[PDB]
$ cat target.cif   # mmCIF, C-alpha atoms and all ligand atoms
data_input
loop_
_atom_site.label_atom_id
_atom_site.label_comp_id
_atom_site.auth_asym_id
_atom_site.auth_seq_id
_atom_site.Cartn_x
_atom_site.Cartn_y
_atom_site.Cartn_z
CA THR A 1 136.00 102.89 110.33
CA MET A 2 135.14 105.78 107.94
CA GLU A 3 132.73 108.57 108.75
CA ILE A 4 129.34 108.81 107.06
CA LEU A 5 127.80 112.05 108.40
CA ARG A 6 129.57 115.08 109.82
CA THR A 7 128.33 118.52 110.62
CA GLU A 8 130.49 121.65 110.61
CA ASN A 9 129.40 123.99 113.41
CA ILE A 10 125.59 123.99 113.12
CA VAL A 11 123.91 127.12 114.51
CA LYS A 12 120.21 127.93 115.03
CA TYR A 13 117.87 130.71 116.27
CA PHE A 14 114.27 130.97 117.46
CA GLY A 15 113.58 134.66 117.65
CA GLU A 16 116.46 135.91 119.79
CA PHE A 17 117.29 132.57 121.43
CA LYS A 18 120.29 130.85 119.79
CA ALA A 19 119.09 127.22 120.07
CA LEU A 20 122.35 125.78 118.71
CA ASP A 21 125.84 127.26 118.96
CA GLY A 22 127.85 125.55 116.24
CA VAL A 23 127.20 121.83 116.79
CA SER A 24 129.84 119.60 115.17
CA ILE A 25 129.34 115.80 115.22
CA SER A 26 130.86 112.59 113.83
CA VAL A 27 128.11 110.11 112.89
CA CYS A 28 129.46 106.98 111.21
CA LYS A 29 129.53 103.67 108.97
CA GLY A 30 127.23 101.29 110.85
CA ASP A 31 127.49 103.12 114.21
CA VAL A 32 124.61 103.58 116.66
CA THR A 33 125.18 107.27 117.55
CA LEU A 34 123.04 108.53 120.43
CA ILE A 35 122.59 112.17 121.37
CA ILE A 36 121.19 112.81 124.82
CA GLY A 37 120.64 115.90 126.94
CA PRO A 38 117.89 117.44 129.12
CA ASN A 39 114.97 119.12 127.31
CA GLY A 40 115.81 122.53 125.91
CA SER A 41 119.41 121.79 124.88
CA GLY A 42 118.22 121.59 121.25
CA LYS A 43 118.28 117.87 120.54
CA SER A 44 115.23 117.87 118.24
CA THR A 45 116.51 121.01 116.55
CA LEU A 46 119.88 119.57 115.53
CA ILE A 47 117.75 116.84 113.97
CA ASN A 48 115.28 119.00 112.04
CA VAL A 49 118.42 120.67 110.74
CA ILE A 50 120.26 117.45 109.79
CA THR A 51 117.06 116.27 108.12
CA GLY A 52 116.46 119.62 106.42
CA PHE A 53 113.24 120.41 108.29
CA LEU A 54 114.77 123.43 110.03
CA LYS A 55 117.42 125.46 108.22
CA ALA A 56 120.99 125.84 109.46
CA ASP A 57 121.57 129.52 110.32
CA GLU A 58 125.27 128.94 109.71
CA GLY A 59 127.09 125.65 109.28
CA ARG A 60 127.31 122.45 107.23
CA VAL A 61 126.28 118.78 107.06
CA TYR A 62 128.13 116.13 105.04
CA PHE A 63 126.97 112.64 104.06
CA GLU A 64 129.48 110.42 102.24
CA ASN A 65 131.63 113.59 102.05
CA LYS A 66 129.01 115.79 100.28
CA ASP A 67 127.37 119.10 101.16
CA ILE A 68 123.75 118.28 101.95
CA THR A 69 123.33 121.41 104.05
CA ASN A 70 119.78 122.81 103.71
CA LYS A 71 118.65 120.09 101.30
CA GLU A 72 114.99 119.17 101.39
CA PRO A 73 113.98 116.03 103.31
CA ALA A 74 112.61 114.78 99.98
CA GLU A 75 116.07 115.41 98.49
CA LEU A 76 117.93 113.61 101.30
CA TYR A 77 115.85 110.48 100.61
CA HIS A 78 118.10 109.79 97.63
CA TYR A 79 121.31 110.34 99.60
CA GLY A 80 120.36 107.87 102.32
CA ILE A 81 118.65 109.90 105.07
CA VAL A 82 115.27 109.02 106.67
CA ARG A 83 113.50 109.89 109.98
CA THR A 84 110.97 108.17 112.30
CA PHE A 85 107.78 110.20 112.52
CA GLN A 86 105.07 109.69 115.12
CA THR A 87 101.95 108.27 113.45
CA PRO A 88 99.32 111.01 112.82
CA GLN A 89 95.67 110.69 113.87
CA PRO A 90 94.07 110.22 110.45
CA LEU A 91 96.83 107.64 109.87
CA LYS A 92 95.95 105.57 112.93
CA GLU A 93 92.69 104.92 111.07
CA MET A 94 94.34 102.56 108.55
CA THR A 95 95.98 99.15 108.96
CA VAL A 96 99.56 98.40 109.90
CA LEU A 97 100.35 97.20 106.37
CA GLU A 98 99.10 100.41 104.72
CA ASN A 99 100.91 102.38 107.41
CA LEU A 100 104.08 100.93 105.92
CA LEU A 101 102.76 101.01 102.36
CA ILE A 102 102.64 104.80 102.67
CA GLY A 103 106.30 104.67 103.67
CA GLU A 104 106.79 104.48 99.90
CA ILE A 105 104.00 106.76 98.64
CA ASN A 106 106.62 109.39 99.49
CA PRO A 107 109.98 108.04 100.82
CA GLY A 108 112.14 110.00 103.26
CA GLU A 109 109.09 112.29 103.46
CA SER A 110 106.52 113.04 106.22
CA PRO A 111 103.70 110.49 106.92
CA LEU A 112 101.46 113.54 106.43
CA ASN A 113 102.86 114.57 103.03
CA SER A 114 103.19 110.91 102.00
CA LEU A 115 99.58 109.84 102.62
CA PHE A 116 98.42 113.13 101.06
CA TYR A 117 99.37 111.73 97.63
CA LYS A 118 97.07 108.77 98.40
CA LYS A 119 93.77 108.62 96.51
CA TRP A 120 93.61 104.91 97.23
CA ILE A 121 96.35 102.96 98.99
CA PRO A 122 99.00 101.39 96.60
CA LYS A 123 98.42 97.64 96.87
CA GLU A 124 100.97 96.94 94.13
CA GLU A 125 102.52 93.49 93.96
CA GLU A 126 106.07 94.50 94.99
CA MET A 127 105.13 96.91 97.80
CA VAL A 128 102.95 94.27 99.49
CA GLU A 129 105.68 91.61 99.36
CA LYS A 130 108.35 94.03 100.63
CA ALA A 131 106.11 95.26 103.46
CA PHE A 132 105.05 91.83 104.72
CA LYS A 133 108.73 90.81 104.73
CA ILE A 134 109.46 93.80 106.96
CA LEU A 135 106.35 93.01 109.01
CA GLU A 136 107.76 89.59 109.90
CA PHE A 137 111.24 90.94 110.63
CA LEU A 138 109.91 93.56 113.08
CA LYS A 139 107.90 90.69 114.59
CA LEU A 140 104.72 92.50 113.60
CA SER A 141 103.61 89.73 111.23
CA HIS A 142 100.25 89.05 112.92
CA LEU A 143 99.12 92.70 112.72
CA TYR A 144 99.07 93.28 108.93
CA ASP A 145 95.34 94.16 109.07
CA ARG A 146 95.00 95.63 112.55
CA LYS A 147 94.13 99.34 112.47
CA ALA A 148 97.21 101.27 113.58
CA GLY A 149 95.02 102.82 116.27
CA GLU A 150 94.64 99.43 117.94
CA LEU A 151 98.44 99.25 118.37
CA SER A 152 100.09 99.70 121.77
CA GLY A 153 102.89 102.20 122.15
CA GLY A 154 105.36 99.36 121.65
CA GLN A 155 103.63 97.81 118.63
CA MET A 156 103.37 101.36 117.22
CA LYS A 157 107.04 102.52 117.30
CA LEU A 158 108.11 99.46 115.30
CA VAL A 159 105.49 100.16 112.62
CA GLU A 160 106.98 103.65 112.48
CA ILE A 161 110.49 102.23 112.09
CA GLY A 162 109.07 99.93 109.45
CA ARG A 163 107.56 102.91 107.63
CA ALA A 164 111.08 104.43 107.73
CA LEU A 165 112.38 101.04 106.55
CA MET A 166 110.13 101.15 103.49
CA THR A 167 112.80 103.18 101.69
CA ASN A 168 115.85 101.01 102.43
CA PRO A 169 118.00 103.74 104.11
CA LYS A 170 121.71 103.82 104.80
CA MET A 171 120.87 105.81 107.96
CA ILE A 172 117.72 106.13 110.11
CA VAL A 173 116.99 108.95 112.55
CA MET A 174 115.06 108.30 115.78
CA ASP A 175 113.94 110.94 118.24
CA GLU A 176 113.24 109.36 121.64
CA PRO A 177 111.59 106.05 120.70
CA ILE A 178 112.27 104.51 124.17
CA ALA A 179 112.02 107.84 126.02
CA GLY A 180 109.14 107.18 128.40
CA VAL A 181 108.66 103.43 127.85
CA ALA A 182 109.11 100.54 130.31
CA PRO A 183 112.57 98.89 130.58
CA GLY A 184 111.28 95.71 128.92
CA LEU A 185 110.40 97.73 125.80
CA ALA A 186 113.63 99.82 125.80
CA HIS A 187 115.55 96.69 124.86
CA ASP A 188 112.78 95.71 122.45
CA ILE A 189 113.03 98.84 120.27
CA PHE A 190 116.81 98.57 120.47
CA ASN A 191 116.76 94.86 119.77
CA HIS A 192 115.79 95.46 116.14
CA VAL A 193 118.26 98.37 116.30
CA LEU A 194 121.05 95.79 116.37
CA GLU A 195 118.99 93.59 114.01
CA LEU A 196 119.28 96.34 111.41
CA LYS A 197 122.77 97.52 112.35
CA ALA A 198 123.90 94.05 111.23
CA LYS A 199 122.10 94.64 107.91
CA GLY A 200 124.11 97.74 107.05
CA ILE A 201 122.04 100.58 108.53
CA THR A 202 123.43 103.48 110.60
CA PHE A 203 121.44 105.08 113.45
CA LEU A 204 121.14 108.58 114.83
CA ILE A 205 119.08 108.14 117.96
CA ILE A 206 118.21 110.80 120.54
CA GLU A 207 117.11 110.17 124.10
CA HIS A 208 116.73 112.41 127.17
CA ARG A 209 119.17 110.31 129.28
CA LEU A 210 121.15 107.05 128.78
CA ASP A 211 120.47 104.46 131.48
CA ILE A 212 119.14 101.12 130.16
CA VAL A 213 120.70 100.79 126.69
CA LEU A 214 124.34 101.62 127.55
CA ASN A 215 125.66 98.21 126.32
CA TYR A 216 124.34 98.93 122.81
CA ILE A 217 125.78 102.40 122.22
CA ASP A 218 128.57 102.59 119.64
CA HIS A 219 129.11 106.31 120.19
CA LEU A 220 127.82 108.84 122.71
CA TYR A 221 127.55 112.62 122.40
CA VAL A 222 126.05 114.67 125.27
CA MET A 223 124.40 118.05 124.83
CA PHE A 224 123.63 121.06 127.01
CA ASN A 225 122.31 124.39 125.65
CA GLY A 226 122.91 123.78 121.93
CA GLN A 227 126.50 122.61 122.36
CA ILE A 228 128.28 119.28 122.94
CA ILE A 229 129.43 118.97 126.56
CA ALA A 230 130.92 115.47 126.55
CA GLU A 231 131.52 112.47 124.33
CA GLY A 232 132.16 108.76 124.59
CA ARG A 233 132.58 106.11 121.89
CA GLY A 234 133.05 103.05 124.08
CA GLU A 235 131.52 101.56 127.24
CA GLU A 236 134.01 103.14 129.66
CA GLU A 237 134.14 106.38 127.65
CA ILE A 238 130.35 106.62 127.92
CA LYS A 239 129.91 105.32 131.51
CA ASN A 240 132.44 107.92 132.64
CA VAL A 241 130.76 110.51 130.42
CA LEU A 242 127.32 109.82 131.92
CA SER A 243 128.53 109.43 135.48
CA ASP A 244 130.64 112.52 134.74
CA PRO A 245 130.05 115.16 137.49
CA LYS A 246 128.84 118.14 135.41
CA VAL A 247 127.02 115.63 133.17
CA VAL A 248 125.01 114.13 136.07
CA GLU A 249 124.22 117.62 137.39
CA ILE A 250 122.07 118.81 134.48
CA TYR A 251 119.93 115.75 135.25
CA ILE A 252 119.38 116.63 138.92
CA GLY A 253 115.68 117.30 138.58
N1 LIG A 301 109.51 126.50 116.91
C1 LIG A 301 110.22 126.98 117.95
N2 LIG A 301 110.23 128.31 118.21
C2 LIG A 301 110.93 128.82 119.24
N3 LIG A 301 111.63 128.00 120.02
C3 LIG A 301 111.67 126.67 119.81
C4 LIG A 301 110.94 126.12 118.75
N4 LIG A 301 111.15 124.83 118.78
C5 LIG A 301 111.96 124.56 119.80
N5 LIG A 301 112.27 125.69 120.43
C6 LIG A 301 113.14 125.81 121.62
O1 LIG A 301 114.49 125.35 121.38
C7 LIG A 301 115.01 124.87 122.67
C8 LIG A 301 115.51 123.43 122.61
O2 LIG A 301 115.17 122.86 121.33
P1 LIG A 301 114.41 121.47 121.25
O3 LIG A 301 114.18 121.08 119.86
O4 LIG A 301 113.14 121.48 121.99
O5 LIG A 301 115.41 120.47 121.99
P2 LIG A 301 115.26 119.21 122.92
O6 LIG A 301 114.98 118.03 122.04
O7 LIG A 301 116.48 118.97 123.76
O8 LIG A 301 114.03 119.59 123.92
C9 LIG A 301 113.85 125.05 123.64
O9 LIG A 301 113.91 126.34 124.27
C10 LIG A 301 112.65 124.93 122.74
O10 LIG A 301 111.39 125.27 123.34
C1 LIG A 302 135.46 107.51 111.53
HG1 LIG A 302 133.28 106.80 113.03
MG MG A 303 113.57 117.35 121.48
#
$ encode --input "target.cif" --output "structure tokens" --more "lines below"
Ligand SMILES: Nc1ncnc2c1ncn2[C@@H]1O[C@H](COP(=O)(O)OP(=O)(O)O)[C@@H](O)[C@H]1O
Ligand code: MMC
Ligand SMILES: [Mg+2]
Amino acid sequence: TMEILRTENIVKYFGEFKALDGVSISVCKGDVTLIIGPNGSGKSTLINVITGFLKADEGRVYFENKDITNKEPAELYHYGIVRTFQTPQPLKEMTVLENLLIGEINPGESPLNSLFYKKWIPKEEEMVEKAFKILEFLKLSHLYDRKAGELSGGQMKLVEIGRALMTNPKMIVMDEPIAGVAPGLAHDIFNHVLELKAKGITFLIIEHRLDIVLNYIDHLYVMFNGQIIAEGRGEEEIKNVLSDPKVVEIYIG
């Protein structure tokens, strides 16, 4: 059942505003950990911290029982950490394949800082084969040469998860992939989520609320104002924890 990632009271500040007041989690192996909370509670901050993007003012982060606190995102790549980045504008001007090919130009690193080491896209024998394999898996076989701009929101998010796949991570980090989408697509993003969970990959997803994908969740952790206000790790634990009075109040609006 072992744990794979645990923080030790993560704190953060943005001027005078303490965006995180010692956040301690329990991400683990093969689990589909989802952190939800209204906007402002610091959900995308705990992430930039866990990924190294934003520094921990005071606290720790352990992966495989190791201190990775404050390590560079480019450092974490070799530990097993990777994050799903929204595809940039100059990036949406290149095909789906290449958009995953760059996922290796710089692994565990920003699509910006990855493609910025690209003089001419790496059409090496192994990278092509690996990509196209991943393009079939994600059911995005038929779009290998479609510009990424021509991709719907749905077709897009999976090419972004593929880009993050082009490293072969032990854990992937997603910040609101279904947040906003139609219910048909919610299951779609999450479909592959279980298609990769059964391949040995651990997820750290983050959504505003948890409505549609409750039957997937392996572990829930709610957040309000930089802290953890409730937690479930089972269907009834989570249902109760969502339909928990104070927990359904912060979502009245
Ligand atoms: N660069 C920043 N400078 C100052 N405040 C920030 C910055 N980034 C985020 N915040 C603030 O931190 C709070 C919540 O953090 P945020 O990452 O936005 O969490 P969430 O994902 O729940 O919206 C908000 O008040 C937000 O505007
Ligand atoms: C121990 Hg999850
Ligand atoms: Mg956020």
$ closest_atom_pairs --input "target.cif" --of "stretch 169-195 of chain A" --to "stretch 97-113 of chain A" --cutoff "12 Å" --atoms "all atoms listed in the file" --output "tab-separated table"
residue	atom	partner	partner_atom	distance
A:169	CA	A:108	CA	8.6
A:170	CA	A:108	CA	11.5
A:171	CA	A:108	CA	10.8
A:172	CA	A:108	CA	9.6
A:173	CA	A:108	CA	10.5
$ residues_near_ligand --input "target.cif" --ligand "ligand MG 303 (chain A)" --cutoff "7 Å" --atoms "all atoms listed in the file" --output "CSV table (one decimal) with C-alpha atoms, in the coordinates of the input"
chain,number,residue,atom,x,y,z
A,39,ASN,CA,115.0,119.1,127.3
A,42,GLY,CA,118.2,121.6,121.2
A,43,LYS,CA,118.3,117.9,120.5
A,44,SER,CA,115.2,117.9,118.2
A,45,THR,CA,116.5,121.0,116.6
$ atom_distance --input "target.cif" --atom1 "atom CA of residue A:41" --atom2 "atom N5 of ligand LIG 301 (chain A)"
9.3 Å
$ atom_distance --input "target.cif" --atom1 "atom CA of residue A:52" --atom2 "atom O2 of ligand LIG 301 (chain A)"
15.3 Å
$ closest_residue --input "target.cif" --among "A:239, A:133, A:12, A:197" --to "ligand LIG 301 (chain A)" --atoms "only C-alpha atoms and all ligand atoms"
A:12
$ residues_around --input "target.cif" --residues "stretch 78-88 of chain A" --least-positions-apart "6" --cutoff "10 Å" --atoms "all atoms listed in the file" --output "JSON, numbers by chain"
{"A": [5, 47, 48, 50, 51, 63, 64, 66, 68, 99, 107, 108, 109, 110, 111, 112, 148, 149, 156, 157, 158, 159, 160, 161, 162, 163, 164, 165, 166, 167, 168, 169, 170, 171, 172, 173, 174, 175, 176, 177, 201, 202, 203, 204, 205]}
$ closest_residue --input "target.cif" --among "A:134, A:27, A:11, A:121" --to "ligand LIG 301 (chain A)" --atoms "all atoms listed in the file"
A:11
$ residues_near_point --input "target.cif" --point "(135.9, 109.7, 128.4)" --cutoff "8 Å" --atoms "only C-alpha atoms" --output "list in words"
residues 230, 231, 232, 236, 237, 238, 240 and 241 of chain A
$ write_last_selection --input "target.cif" --atoms "C-alpha atoms" --output "JSON list (two decimals), keeping the file's coordinate frame"
[["chain", "number", "residue", "atom", "x", "y", "z"],
["A", 230, "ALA", "CA", 130.92, 115.47, 126.55],
["A", 231, "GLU", "CA", 131.52, 112.47, 124.33],
["A", 232, "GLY", "CA", 132.16, 108.76, 124.59],
["A", 236, "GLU", "CA", 134.01, 103.14, 129.66],
["A", 237, "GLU", "CA", 134.14, 106.38, 127.65],
["A", 238, "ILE", "CA", 130.35, 106.62, 127.92],
["A", 240, "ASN", "CA", 132.44, 107.92, 132.64],
["A", 241, "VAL", "CA", 130.76, 110.51, 130.42]]
$ closest_residue --input "target.cif" --among "A:145, A:218, A:235, A:188" --to "ligand LIG 302 (chain A)" --atoms "all atoms listed in the file"
A:218
$ closest_residue --input "target.cif" --among "A:74, A:182, A:28, A:4" --to "ligand LIG 302 (chain A)" --atoms "all atoms listed in the file"
A:28
$ closest_residue --input "target.cif" --among "A:186, A:46, A:178, A:220" --to "ligand LIG 302 (chain A)" --atoms "only C-alpha atoms and all ligand atoms"
A:220
$ residues_near_ligand --input "target.cif" --ligand "ligand LIG 302 (chain A)" --cutoff "10 Å" --atoms "all atoms listed in the file" --output "list in words"
residues 1, 2, 3, 4, 5, 6, 26, 27, 28, 29, 30, 31, 32, 33, 218, 219 and 233 of chain A
$ atom_distance --input "target.cif" --atom1 "atom CA of residue A:146" --atom2 "atom CA of residue A:95"
5.1 Å
$ decode --input "target.cif" --residues "stretch 24-50 of chain A" --atoms "N, CA and C atoms" --output "PDB file, in the first residue's frame"
ATOM      1  N   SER A  24       0.092  19.232   4.410  1.00  0.00           N
ATOM      2  CA  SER A  24       0.683  17.894   4.485  1.00  0.00           C
ATOM      3  C   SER A  24      -0.240  16.855   3.823  1.00  0.00           C
ATOM      4  N   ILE A  25       0.264  16.204   2.770  1.00  0.00           N
ATOM      5  CA  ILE A  25      -0.491  15.188   2.033  1.00  0.00           C
ATOM      6  C   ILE A  25       0.047  13.764   2.181  1.00  0.00           C
ATOM      7  N   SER A  26      -0.553  12.860   1.407  1.00  0.00           N
ATOM      8  CA  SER A  26      -0.198  11.440   1.391  1.00  0.00           C
ATOM      9  C   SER A  26      -0.484  10.832   0.020  1.00  0.00           C
ATOM     10  N   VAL A  27       0.236  11.286  -1.006  1.00  0.00           N
ATOM     11  CA  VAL A  27       0.064  10.746  -2.357  1.00  0.00           C
ATOM     12  C   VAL A  27       0.758   9.386  -2.406  1.00  0.00           C
ATOM     13  N   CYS A  28       0.118   8.414  -3.043  1.00  0.00           N
ATOM     14  CA  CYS A  28       0.671   7.074  -3.139  1.00  0.00           C
ATOM     15  C   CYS A  28       0.062   6.355  -4.322  1.00  0.00           C
ATOM     16  N   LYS A  29       1.459   3.797  -3.734  1.00  0.00           N
ATOM     17  CA  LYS A  29       1.803   3.809  -5.150  1.00  0.00           C
ATOM     18  C   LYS A  29       0.586   3.448  -5.998  1.00  0.00           C
ATOM     19  N   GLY A  30       0.504   4.015  -7.200  1.00  0.00           N
ATOM     20  CA  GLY A  30      -0.612   3.720  -8.091  1.00  0.00           C
ATOM     21  C   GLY A  30      -1.956   4.389  -7.819  1.00  0.00           C
ATOM     22  N   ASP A  31      -2.025   5.244  -6.801  1.00  0.00           N
ATOM     23  CA  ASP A  31      -3.264   5.943  -6.452  1.00  0.00           C
ATOM     24  C   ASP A  31      -3.584   7.076  -7.423  1.00  0.00           C
ATOM     25  N   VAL A  32      -4.853   7.469  -7.436  1.00  0.00           N
ATOM     26  CA  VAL A  32      -5.347   8.558  -8.280  1.00  0.00           C
ATOM     27  C   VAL A  32      -5.812   9.683  -7.343  1.00  0.00           C
ATOM     28  N   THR A  33      -4.848  10.315  -6.668  1.00  0.00           N
ATOM     29  CA  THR A  33      -5.101  11.394  -5.702  1.00  0.00           C
ATOM     30  C   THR A  33      -5.605  12.699  -6.323  1.00  0.00           C
ATOM     31  N   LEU A  34      -6.796  13.127  -5.908  1.00  0.00           N
ATOM     32  CA  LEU A  34      -7.374  14.358  -6.429  1.00  0.00           C
ATOM     33  C   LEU A  34      -7.579  15.442  -5.374  1.00  0.00           C
ATOM     34  N   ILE A  35      -7.010  16.609  -5.632  1.00  0.00           N
ATOM     35  CA  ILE A  35      -7.154  17.731  -4.724  1.00  0.00           C
ATOM     36  C   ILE A  35      -8.126  18.722  -5.359  1.00  0.00           C
ATOM     37  N   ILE A  36      -9.190  19.023  -4.624  1.00  0.00           N
ATOM     38  CA  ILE A  36     -10.191  19.956  -5.091  1.00  0.00           C
ATOM     39  C   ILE A  36     -10.475  21.014  -4.029  1.00  0.00           C
ATOM     40  N   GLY A  37     -10.928  22.173  -4.487  1.00  0.00           N
ATOM     41  CA  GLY A  37     -11.257  23.273  -3.604  1.00  0.00           C
ATOM     42  C   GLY A  37     -11.634  24.469  -4.464  1.00  0.00           C
ATOM     43  N   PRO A  38     -12.398  25.446  -3.942  1.00  0.00           N
ATOM     44  CA  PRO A  38     -12.751  26.594  -4.781  1.00  0.00           C
ATOM     45  C   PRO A  38     -11.485  27.338  -5.192  1.00  0.00           C
ATOM     46  N   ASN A  39     -11.586  28.278  -6.132  1.00  0.00           N
ATOM     47  CA  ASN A  39     -10.404  29.032  -6.557  1.00  0.00           C
ATOM     48  C   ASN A  39      -9.922  29.879  -5.388  1.00  0.00           C
ATOM     49  N   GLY A  40      -8.614  30.074  -5.295  1.00  0.00           N
ATOM     50  CA  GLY A  40      -8.076  30.876  -4.215  1.00  0.00           C
ATOM     51  C   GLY A  40      -7.491  30.084  -3.063  1.00  0.00           C
ATOM     52  N   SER A  41      -7.972  28.861  -2.842  1.00  0.00           N
ATOM     53  CA  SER A  41      -7.474  28.027  -1.746  1.00  0.00           C
ATOM     54  C   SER A  41      -6.008  27.565  -1.928  1.00  0.00           C
ATOM     55  N   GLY A  42      -5.419  27.879  -3.083  1.00  0.00           N
ATOM     56  CA  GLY A  42      -4.027  27.534  -3.326  1.00  0.00           C
ATOM     57  C   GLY A  42      -3.746  26.163  -3.879  1.00  0.00           C
ATOM     58  N   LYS A  43      -4.625  25.688  -4.750  1.00  0.00           N
ATOM     59  CA  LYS A  43      -4.467  24.376  -5.369  1.00  0.00           C
ATOM     60  C   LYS A  43      -3.356  24.311  -6.415  1.00  0.00           C
ATOM     61  N   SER A  44      -3.172  25.385  -7.166  1.00  0.00           N
ATOM     62  CA  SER A  44      -2.154  25.421  -8.211  1.00  0.00           C
ATOM     63  C   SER A  44      -0.821  25.907  -7.660  1.00  0.00           C
ATOM     64  N   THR A  45      -0.831  26.266  -6.382  1.00  0.00           N
ATOM     65  CA  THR A  45       0.357  26.731  -5.687  1.00  0.00           C
ATOM     66  C   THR A  45       1.022  25.535  -5.012  1.00  0.00           C
ATOM     67  N   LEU A  46       0.218  24.661  -4.415  1.00  0.00           N
ATOM     68  CA  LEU A  46       0.746  23.459  -3.785  1.00  0.00           C
ATOM     69  C   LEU A  46       1.483  22.662  -4.861  1.00  0.00           C
ATOM     70  N   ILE A  47       0.959  22.738  -6.079  1.00  0.00           N
ATOM     71  CA  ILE A  47       1.506  22.053  -7.237  1.00  0.00           C
ATOM     72  C   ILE A  47       2.834  22.626  -7.724  1.00  0.00           C
ATOM     73  N   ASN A  48       2.880  23.940  -7.929  1.00  0.00           N
ATOM     74  CA  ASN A  48       4.098  24.592  -8.389  1.00  0.00           C
ATOM     75  C   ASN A  48       5.202  24.328  -7.383  1.00  0.00           C
ATOM     76  N   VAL A  49       4.794  24.108  -6.138  1.00  0.00           N
ATOM     77  CA  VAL A  49       5.706  23.824  -5.044  1.00  0.00           C
ATOM     78  C   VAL A  49       6.193  22.377  -5.135  1.00  0.00           C
ATOM     79  N   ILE A  50       5.254  21.440  -5.274  1.00  0.00           N
ATOM     80  CA  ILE A  50       5.563  20.010  -5.370  1.00  0.00           C
ATOM     81  C   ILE A  50       6.386  19.688  -6.611  1.00  0.00           C
TER      82      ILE A  50
END
